[PDB]
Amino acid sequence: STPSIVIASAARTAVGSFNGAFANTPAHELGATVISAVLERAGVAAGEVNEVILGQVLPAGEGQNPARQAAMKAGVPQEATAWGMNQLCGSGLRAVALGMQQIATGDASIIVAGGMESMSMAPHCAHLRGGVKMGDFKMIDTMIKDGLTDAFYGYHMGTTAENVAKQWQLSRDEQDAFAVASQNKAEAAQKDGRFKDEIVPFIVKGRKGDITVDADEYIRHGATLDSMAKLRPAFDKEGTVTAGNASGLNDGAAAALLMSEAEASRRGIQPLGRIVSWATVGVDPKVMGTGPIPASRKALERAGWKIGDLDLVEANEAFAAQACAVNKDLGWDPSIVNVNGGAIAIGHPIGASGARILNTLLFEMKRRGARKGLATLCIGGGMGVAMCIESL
């Protein structure tokens, strides 16, 4: 008699490149589009939504509770509720776990959950109430400070990726080959229409003409191992991690519509899948990229699943270094991992990422008839999140 919560529908924007397609688009506008889309896709009216839960890491200057702004712009009435949350990179997936819990505790019926992020729109900042009596001071890039800098050891996420490259003795070649394989899988899938279903177009409004954005613009077409092998290391001069074998800075949103299984049945909805389990676990901040290991093992143990049971896997590629380490420790078939590419190619809109890869997982699970699935993400400050999805 345990609660069975399903994902009735999902959708994501395309992922924009840094200061690219969505250079001037507030996170909450991207969120509103995905919210309306999951509702239209499921045939559910906005007024039936109890609450919107949206992960977002970089809200500075966007005003009160951007999740609420997203919900209200999507047409979800004032009666519903909304809130944001921040488990950094895990945010978008975690939000789905959290939404599932609202329904499992009988506190709601229909949740919209996911994530949203405008890294482009993130401001610079300084604390100036006390004044600066004399001397220079720093205007601080909130994207870097609040999104990409380890709070404990003081270094960029890319150095934690170097720490993983040295513990696992991963060569520069092994990482450059992984990223080339990710770009090529993503270019293949995009041209074959495999992102069409999950992507809802977004209308960037302008003065000299609106623009429809429905293609992931951060993917690199014709990615040779040459353009990878010619890059300098970005975080250590005798290291292996580069702009080419790391993910980038990106804008996007993504969302899922959750309700009980019996509810989806009552509404004539064919659900994208059932949430069987989730799990988050901590690891050393220094090697934060390993997060997916204990989070996925725990998720799998809560499902009563073996690693071999899995038919599909979205394992977020923040860095090639961390991804290979995860694929090695866990030891699943790499041919079913990031089957349509991953974040090195597609982008990593921090708060949105977890709901982005969940989209890719669900829609590709429909495409090929995979029964069991698992999405998982490493997290700055040292954590992982994971979720097991079973098709119906």
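In this text, the rigid core denotes the largest set of C-alpha atoms whose superposition between the two forms falls within 1.5 Å. So that there is no doubt, residue numbering starts at 1 and follows the sequence shown.
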{"item": "Farther-lying stretch by C-alpha RMS in 5 other deposited structures of this protein, rigid core as reference, of 235 to 243 and 114 to 122", "value": "235 to 243"}
{"item": "Farther-lying stretch by C-alpha RMS in 5 other deposited structures of this protein (rigid core fit) among 78 to 86, 129 to 137", "value": "129 to 137"}
{"item": "Mean temperature factor over C-alpha atoms, higher-scoring stretch between 305 to 313 and 247 to 255", "value": "305 to 313"}
{"item": "Higher-B stretch (mean Cα B-factor, as the entry records it), 281 to 289 or 106 to 114", "value": "281 to 289"}
{"item": "Highest recorded Cα temperature factor - choice among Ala71, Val200, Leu231, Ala95", "value": "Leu231"}
{"item": "Of the residues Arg266, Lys185, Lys138, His124, the one carrying the largest Cα B-factor as recorded", "value": "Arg266"}
{"item": "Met143 by Cα B-factor - lowest, middle or highest third of the modelled chain", "value": "lowest"}
{"item": "Ranked against its chain, the third holding the CA B-factor of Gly239", "value": "highest"}
{"item": "Chain third (lowest, middle, highest) by recorded CA B-factor, residue given as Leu392", "value": "highest"}
{"item": "Relative C-alpha B-factor of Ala42, binned into the chain's lowest, middle or highest third", "value": "middle"}
{"item": "Where the record places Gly354 (Cα B-factor, split into thirds across the chain)", "value": "lowest"}
